[PDB]
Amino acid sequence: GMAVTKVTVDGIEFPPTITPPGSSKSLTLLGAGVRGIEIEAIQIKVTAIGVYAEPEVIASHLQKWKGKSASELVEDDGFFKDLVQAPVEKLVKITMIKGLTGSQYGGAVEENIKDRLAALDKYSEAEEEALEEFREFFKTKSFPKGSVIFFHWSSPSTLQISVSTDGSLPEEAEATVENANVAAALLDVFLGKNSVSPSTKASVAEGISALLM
């Protein structure tokens, strides 16, 4: 259904619902957490991550996981696979805890995606082109402390990206990357076996367990 309570990550509030930029639908918060980004081996930067999906992911697509505890879901790789494969709209909201240039952020996440694609043997030139669109978008942006990125999977292969320096929710999506493998790999970056954020995965297992009841 629809979550009622916000989750706060390093002081940053994630609301229990969000309407993706340009969208009419409201997505429910599933969980939130943190990850680190390495800049030149001398700096580790932190981002806060919030994971949202259509309410329907609970009512329909994750019914087989009913009655499991959070502490039963977090170790089950099949559970997170079902989540990332669910045919529903999803949104990941990123807040910059301290500042990054667009190229700094974009480059780090691009490498996360590339590494996942190579592990799957799905890093050809269709994906290479898509990742350059991804890189080119982020190179133009600035992410001072408190800025936000909205990654919106509006379809299984359609990644809509929006940003705002003041943390406000944009009225429309700004860029779109259409590539099935890149879209799926970015979901894996956050929620897969090799996730950059065990804390987000644990929170999402808790939030889904609660919603399933």
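In case it trips you up, residue 1 is the first one in the sequence shown, and so on.
*Asks:* Name the higher of the two by mean Cα B-factor in the PDB entry, 13-21 versus 195-203.
*Replies:* On average, C-alpha B-factors are higher across 13-21.
*Asks:* Do the C-alpha atoms of 47-55 or of 170-178 have the higher average B factor in the entry?
*Replies:* Here the higher of the two C-alpha B-factor means belongs to 170-178.
*Asks:* Whose CA atom has the top B-factor in the entry, of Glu133, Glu127, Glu110, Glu75?
*Replies:* When the deposited C-alpha B-factors of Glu133, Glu127, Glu110, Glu75 are compared, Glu75 is largest.
*Asks:* Out of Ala183, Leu27, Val34, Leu62, which residue has the highest Cα temperature factor in the PDB record?
*Replies:* In the PDB entry, the greatest C-alpha B-factor among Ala183, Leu27, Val34, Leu62 is found at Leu62.
*Asks:* Based on the deposited C-alpha B factors for this chain, I'd like to know if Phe137 is in the lowest, middle or highest third.
*Replies:* According to the entry, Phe137 has a C-alpha B-factor in the chain's middle third.
*Asks:* Would you mind checking where the Cα B-factor of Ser69 ranks among the modelled residues of its chain, as the lowest, middle or highest third?
*Replies:* As the PDB entry reports it, the C-alpha B-factor of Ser69 lands in the highest third of its chain.
*Asks:* Considering only modelled residues of the same chain, in which third does the CA B-factor of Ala41 rank: lowest, middle or highest?
*Replies:* Ranked within chain, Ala41 CA B lands in the highest tercile.
*Asks:* Going by the entry, which third of its chain does the Cα temperature factor of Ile97 land in?
*Replies:* Its C-alpha B-factor belongs to the lowest third of this chain's values.
*Asks:* Sorting by Cα B-factor within the chain, modelled residues only, which third would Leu91 end up in: lowest, middle or highest?
*Replies:* Answer is lowest: the recorded C-alpha B-factor places it there.
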